[PDB]
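In C-alpha cells, one chain follows: the form deposited in one PDB entry.
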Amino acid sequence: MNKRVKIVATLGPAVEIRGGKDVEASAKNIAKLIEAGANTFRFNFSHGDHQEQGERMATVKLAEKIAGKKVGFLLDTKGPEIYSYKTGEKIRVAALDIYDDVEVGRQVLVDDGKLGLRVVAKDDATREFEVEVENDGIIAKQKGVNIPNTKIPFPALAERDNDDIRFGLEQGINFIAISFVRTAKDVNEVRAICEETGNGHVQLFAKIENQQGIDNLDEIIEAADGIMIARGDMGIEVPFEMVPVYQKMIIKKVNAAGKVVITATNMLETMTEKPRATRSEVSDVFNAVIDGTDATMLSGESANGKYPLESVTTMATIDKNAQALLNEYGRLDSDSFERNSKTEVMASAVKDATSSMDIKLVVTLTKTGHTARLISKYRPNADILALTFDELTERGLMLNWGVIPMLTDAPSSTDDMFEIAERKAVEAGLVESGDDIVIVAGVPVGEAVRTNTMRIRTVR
C-alpha cells in the first residue's frame, strides 16, 4: 500500500551527527527519512552557506545509494528580506530606501507578525515613518519585518538569489522554490538562468507569500511549473483567516493547470520540540490531502527539531490514510476539466478504467514525464508507475501525486512495451499474480509521436 501524497522534507543539522553528537553516519540517518516516506529534500539557502549546502548535497547522494531509492533535490531561495513596548507608544523606524513605497495607514510587522506599528504620519526629515504601537511586544535583533499590501520595488531577481540558484544548478538540483513571487517576471528570470546554463529540466515552484502574488496567481501559475503555498509569510502578509480559503483555491487552480502544488509551513510544528503532534496539526495535513495537495512539507520539524525521523513517519501515516478517503470526501473534480489534448483524453480514459474496476497500478512509458503528469492530474484511484529513460526526468517526477518514477532502457522498435511494463512493475513488487494493471504507451515506438494506446493486462 503506497503513499501517493509526496513529502518534501527540509534538511538541516538535526540529522547531521557531528563527531558522535561526519558523512557516512548522517547519510545513513537521512537515508532513514527516505525509507520513512520523504520524496524530496529541501535545502533552504536562507539558513546556510554554499560550503554548508554543497556538502549537505553530496551527503544525500550518499543516502540515496544507502537506501536504494532516489529523491528530488529542491533549492529554496532566500529572496526579499527586511525592548518591550505597550500600546500607543508613538515611535519611528529608519539595501533599498522603501521610504516613498510605504504609505500612511500601512502596518509594519515584526517577528512572525507579532507586533503592529500602524504608520500614522509621513515624517520626511530623516526619511522616517511616524508610526505607533497597537499591542504590547518585543523587537529582537534581526527578526522578519513585513509591510503588507505594499508594492516595494524589490528586484524581479535579487543577485544574492541569482548566485544561490547558480550554485545549486551546478551541484545538481531538480526544483527551485522561488521565495516572494509577486509577478510572472519573478519566475521568468529564474527560468532564463535554467535555460542559459543548460538546465531546462529544472522545475520552478513559485512561493506565494503576499497579496501581489495572490492577485497574480493565474499569470504566475502559467509561468511556473508548480506553486509552493508558503503559509508563514502569507499568514502575516494577508489576513490569517484567508490562507485556508487561498489554499483550497490554489490547490484547485494548480491541479486544473496540470502542475504540482506543495502545502507548506507549520504542518507538524509542535514535533520540532515534543515527540507528538497536536490534533490541530493532524487535522491540517489531513485536510491538505482532501483539498487535493500534490505534496506536504516539513520545515522546522525536519531541519532543526529533536524528532526528524518522527515527523516524516507521522506525515507519511496521516498522508497514507487521508488518501483512502479522497473518493468519498475529495475536493478535486477531474470530471469538470476540458481535455485539451489527445494525451489528456487518454489520461481521462485511464481514470475511467480505475473507476470501473480494481486496477492495482497504472504504468506509463514516458520520455519526458508528460503523460505521467497528466494521469497524475486526474488523480486515479491506483498508483502510477512512470517508466522513464533518463535520471533527470525520473527525479523530475518525484513530487507528482501518485507517481513512482523508475529508470529503464528506452525501448527499441521490437520489444513488447507491455511485457516490459509488467516486468518492471513486478521487479518493483507493486503487483503480484492476477493483479490487473492499466499500461499506456505510444506504439509502435517509431511512428507514435504521443501516448496513444491503453491496455488492460492481468499479471502472469
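We call the rigid core the largest set of C-alpha positions that still match within 1.5 Å between the two forms. Note that residue numbering follows the sequence shown and begins at 1.
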*asked:* Please classify the unmodelled stretch of the deposited sequence between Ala94 and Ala95: none, 1 to 3, 4 to 9, or 10 or more residues.
replied: 10 or more
*Please work out which of 254-262 and 156-164 has the higher mean CA B-factor as recorded in the PDB entry.*
156-164
*Mean C-alpha B factor from the entry: is it higher for 201-209 or for 132-140?*
132-140
_Peak C-alpha temperature factor (PDB record), options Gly72, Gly88, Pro380, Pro239_ = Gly88
*Select one of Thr408, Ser433, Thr393, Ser26: the residue whose C-alpha shows the highest B-factor in the crystal structure entry.*
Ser26
*What third of the chain, by the recorded C-alpha B-factor, contains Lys274?*
highest
*For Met1, does the deposited CA B-factor place it in the lowest, middle or highest third of the chain?*
highest
*asked:* When the deposited Cα B-factors of this chain's modelled residues are ordered and cut into thirds, is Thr314 in the lowest, the middle or the highest one?
replied: middle
*asked:* Ranking the modelled residues of this chain by C-alpha B-factor as given in the entry, is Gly68 in the lowest, middle or highest third?
replied: middle
*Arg191, C-alpha B-factor rank within chain (lowest, middle or highest third)*: middle
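Just so you know, the form deposited in another entry exists too; it's not on screen, but the next bit is about it.
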*asked:* Which one moved? Candidates are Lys306, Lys143, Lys320, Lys367, criterion is a Cα shift of 2 Å or more between the shown form and the other one after superposing on the core.
replied: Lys143
*Quick one: core overlaid, is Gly116 moving 2 Å or more at the Cα between the shown form and the other one?*
yes
*asked:* Does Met271 move appreciably between the shown form and the other one, meaning a CA displacement of 2 Å or more on the superposed rigid core?
replied: no
*Is it true that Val131 shifts between the shown form and the other one by 2 Å or more at the Cα, once the core is aligned?*
yes
